[PDB]
């Protein structure tokens, strides 16, 4: 049993955009790293029905690339608005302790808002990965617009997971006007602008309680003119895709890297890649 494992996560609010065919940068593999687990989350429109017939490319191109490196797909789950896939190096899996389970939670009668949780055990430690999606206009268990529900939080279980990650657009925004936000971006005052970000507000309301974000040094990932590095100032520049971590059992989780991937410019949000090292 190793002392430590590495975890890469990436999430993208990708909308109606197809998967890119260049996936190595997106998963954080392009400097030759071989992380122990990889989780990929999206938010957008149409995945499950898959009118665009994109599914096979996603499968063919990912299943392609990760299999050489010795990964196994534990689970892919899709809905009409969300997607979550988790992979683990084959070498770590004991099939009769793994207890591979996924739930889906739905908050509205159209099943457009809610979340997904995929959990599994290796070396007698339990991992849980969550993504979630909320609209600004819905009525919720929380009476907020933030993409939190206690049913997706495996730290609020009688038996909480050892390592927990929550990845996606949490519907947390920057609560100031665009002029001021754009001024702070141009000054590279990232912490100054973070002062207006809604995650702390969500936590004051006991949402995402005890969940930690790695330090943010990148500029807002939204809202861009597609194919440029130019903000569309019709919205206040915000941090949309986020990675949060927690342990339910006093285990150390150390972020290594937390970055937006500006080379993926196809849409209005830029994907966010986090790398962690966990101590079992």
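Numbering follows the first chain given and starts at 1.
The question of which stretch, 15 to 23 or 253 to 261, has the higher mean Cα B factor is settled in favour of 15 to 23. For the segment pair 270 to 278 and 1 to 9, the entry gives 1 to 9 the higher mean B-factor, averaged over Cα atoms. Each of 215, 247, 228, 43 has a CA temperature factor in the record; the biggest one is found at 228. Residue-level inspection of the entry shows that, of 92, 151, 206, 75, 92 has the top Cα B-factor. Ranked against the other modelled residues of its chain, the C-alpha B-factor of residue 65 as given in the entry falls in the highest third. Placement of the Cα temperature factor of residue 36 within the chain: middle third of the modelled residues, per the deposited record.
Per the PDB record, residue ranking by Cα B-factor puts residue 156 in the highest third of the chain. Sort the chain's modelled residues by C-alpha temperature factor and residue 235 lands in the lowest third, per the entry.
For residue 123, the recorded CA temperature factor ranks within the highest third of the chain's modelled residues.
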